[PDB]
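Presented as structure tokens, the chain that follows is alone, the form deposited in one PDB entry.
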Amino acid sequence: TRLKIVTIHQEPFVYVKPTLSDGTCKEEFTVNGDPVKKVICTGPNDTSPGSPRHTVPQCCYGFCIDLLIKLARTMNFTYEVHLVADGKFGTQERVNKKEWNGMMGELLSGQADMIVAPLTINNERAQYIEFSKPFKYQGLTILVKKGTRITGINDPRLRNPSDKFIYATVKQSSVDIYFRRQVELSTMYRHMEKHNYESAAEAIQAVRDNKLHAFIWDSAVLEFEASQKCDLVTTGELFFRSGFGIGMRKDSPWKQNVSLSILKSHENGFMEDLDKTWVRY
């Protein structure tokens, strides 16, 4: 009964770093002087799409790793962490047959028993998996280079686009799902499907490099990025609100106790402390 946990690289929720030469993780401390809890997470090294993937042990830490450690202690389970083989969160695509990719596919195929990541709760995924009660409430916003003038989601450069102002999201993500479903955003969706990125880090870098004019993504990630990279800014408020949850198969025997532990952590200040440690500052 050793749980296979799947995660994804996504600062500040999941930091991914190489192990030291001896295969251990570098000893680090917060501003509070408390040791940083780290876990060994196996995963492929960064490679282009359609290439062989070579799996190696890596170091994982962050909000979601601290949360996993607390759940494992409370519910008394052991685990092994791995990074999603295709590097994606997960969407359902047509192959008559339909298949889930990313962490969604891994959980549904039994490659993982639990998704512990900044995984958006939405109708499309809830039809197939069980989400816990949310551990974080946030939404969608837009990241731009300081000096770029966007009013927000209703900016004409977004609603009536051209090849002059390039905006995108991350492929096979909840944002991709949102824009594909909402017919009112179809003009935006068609522009984005031409420029979508393989990962949030690549998209953030492209904004810095002036290769991407606007990146549409999770506010919990974009506000953290803007607070560290002062050449980047978020534009406006949230145009949509969504929460993150733990993902499990519908027949999981841990489902009720995962949600009770999450509720206990919201009520006793534990989740607020994690938020202050990782997501704020």
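Only the largest set of C-alpha atoms that superpose within 1.5 Å between the two forms is called the rigid core. All residue numbers are counted from 1 along the displayed sequence.
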{"query": "Entries skipping residue 242: at least a third of other ones", "finding": "no"}
{"query": "Across other compared entries, residue 96 missing in at least a third", "finding": "yes"}
{"query": "Residues of the deposited sequence left unbuilt between residue 96 and residue 95", "finding": "1 to 3"}
{"query": "Greater mean Cα temperature factor according to the PDB record, 29 to 37 or 62 to 70", "finding": "29 to 37"}
{"query": "Stretch exceeding the other in mean C-alpha B-factor - 261 to 269, 13 to 21", "finding": "13 to 21"}
{"query": "Residue, from 49, 243, 247, 57, that the PDB entry assigns the highest Cα B-factor", "finding": "49"}
{"query": "Peak C-alpha temperature factor (PDB record), options 105, 87, 118, 147", "finding": "147"}
{"query": "Third of the chain, ranked by Cα B-factor, where residue 137 sits", "finding": "lowest"}
{"query": "Relative C-alpha B-factor of residue 227, binned into the chain's lowest, middle or highest third", "finding": "highest"}
{"query": "Relative C-alpha B-factor of residue 42, binned into the chain's lowest, middle or highest third", "finding": "middle"}
{"query": "Cα B factor band for residue 122 (lowest, middle or highest third within the chain)", "finding": "lowest"}
{"query": "Residue 206 - which third its CA temperature factor falls in, relative to the rest of the chain", "finding": "highest"}
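In what follows, reference is made to the form deposited in another entry, a form of this protein that is not presented.
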| property | result |
| --- | --- |
| Core-superposed C-alpha of residue 51 shifting 2 Å or more between this form and the one not shown | yes |
| Cα distance between residue 51 and residue 17, which in the other entry differs by 3 Å or more from this form, closer or farther | closer |
| Closer or farther in the other entry, the Cα atoms of residue 49 and residue 124, when the shift from this form is 3 Å or more | farther |
